[PDB]
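Here we start with a single chain on its own, the form solved without the ligand, put down as structure tokens.
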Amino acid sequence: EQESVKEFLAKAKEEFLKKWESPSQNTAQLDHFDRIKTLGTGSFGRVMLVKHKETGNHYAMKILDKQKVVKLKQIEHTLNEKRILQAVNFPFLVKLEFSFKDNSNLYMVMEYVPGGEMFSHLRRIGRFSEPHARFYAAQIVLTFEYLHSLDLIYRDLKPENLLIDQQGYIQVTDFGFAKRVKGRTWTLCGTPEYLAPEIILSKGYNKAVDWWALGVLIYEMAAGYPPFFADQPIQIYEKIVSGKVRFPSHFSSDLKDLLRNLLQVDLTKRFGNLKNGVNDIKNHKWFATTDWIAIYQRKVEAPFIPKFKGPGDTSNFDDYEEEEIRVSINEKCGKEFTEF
């Protein structure tokens, strides 16, 4: 590739490794913030809108319950998530501003992106036009080029993890399954509709699983539904491994061709995992109109800007029962989370 790209990625890796080897720790505390609203909830954690009491800045605070993390066998994953987030720097990755822990919980305080999740916008408008899908896809391609060059696999690409910012660009969040991997890794993780065949079949897999997931995402953005859909996970998995996908007639020929090469069941033949790497994707005819540098520099006018009233507006997120952030009088799971 152009020496310009090589030197860019070399500097990117240098800067990542310095932070990776000496991670930041304990850079704020809970009582520096006011709680505003619950933005999302899961089996071992939540994301909250908070406001810093001295600066007035809004942030999204991800709170993980240490005991539930242990019970659900997510210790290494949560340590991965924070160590990676504090070390990365790319225009389409959410920014970690602070992290800390207390007797009960782990906390990651990130920039608040008021525009909401791509999932909501996609379901609201039905499907994205190919130019609109391509604008988002280009950002993911560049983000994976960045991550993979750092030996990072992302492992959770799906519309809910892609926030739309004030300029209409993507911010990838939720690094809960991201991992630094040289070669192969083995954990069953991800979301059913987005899993590559080699994950389903319990193989040692590599960064090619992210390129498979990009194929799923592009299909879902352009069609309005994912390519492998069913009521039970096992039925989804049967479709994924089958090597068969049906395309809507409205898809362009170029889109179908790209998707056949991303949704390639044989990982040794899948775009993004060949000798030419990401350039097989970047040079594909479906991306012929994409100015890769302009996308990186955020100089392309976005397909749409989310509607929101200001940095504290929560209208693009939905409503959840507001539960306590309780902190035990006794330290829980201290040993397991020493490095956090």
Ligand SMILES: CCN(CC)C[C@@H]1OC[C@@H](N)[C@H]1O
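For every residue, the number given is its place in the sequence shown, counted from 1. Residues that one form lacks are left out of the comparison. Whichever C-alpha set is largest while still superposing within 1.5 Å between the two forms counts as the rigid core.
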Averaging only over Cα atoms, indicate whether 214 to 222 or 108 to 116 has the higher B-factor in the PDB entry. 108 to 116
Given the B-factors recorded for C-alpha atoms, which segment has the greater mean, 67 to 75 or 124 to 132? 67 to 75
Max C-alpha B-factor within the set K307, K62, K282, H32 falls on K307
Maximum C-alpha temperature factor, selected from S43, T38, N57, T289: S43
Using the B-factors in the PDB entry, rank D254's C-alpha atom against the chain and give the third, lowest, middle or highest. lowest
Once the chain's modelled residues are ordered by C-alpha B factor and cut into thirds, is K51 in the lowest, middle or highest one? lowest
Entry-reported C-alpha B-factor of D266 relative to its chain, by third, is middle
Rank-wise, by C-alpha B-factor, drop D156 into the lowest, middle or highest third of its chain. lowest
Please rank the C-alpha B-factors of the chain's modelled residues and tell me whether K203 sits in the lowest, middle or highest third. highest
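Unshown form deposited with the ligand bound; subsequent notes refer to it.
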In the bound PDB entry, the residue from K203, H77, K239, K256 that sits within 4.5 Å of the ligand by heavy atoms: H77
Any chance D174 has a heavy atom within 4.5 Å of the ligand in the bound PDB entry? yes
Would you check, heavy atoms only and a 4.5 Å threshold, whether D210 touches the ligand in the bound PDB entry? no
Considering only heavy atoms, tell me if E81 and the ligand come within 4.5 Å of each other in the bound PDB entry. yes
At the 4.5 Å heavy atom threshold, is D156 in contact with the ligand in the bound PDB entry? yes
Flagged residue of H250, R123, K71, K269 - C-alpha shift reaching 2 Å or more between the shown form and the other one, core superposed: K71
In the bound PDB entry the CA atoms of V181 and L72, compared with here and shifted by at least 3 Å, lie closer
Specify closer or farther for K71 and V181: how their Cα atoms are spaced in the bound PDB entry versus the shown form, given a shift of 3 angstroms or more. closer
What runs of three or more residues stand out between the shown form and the other one, with each Cα shifted 2 Å or more once the rigid core is matched? 71 to 73
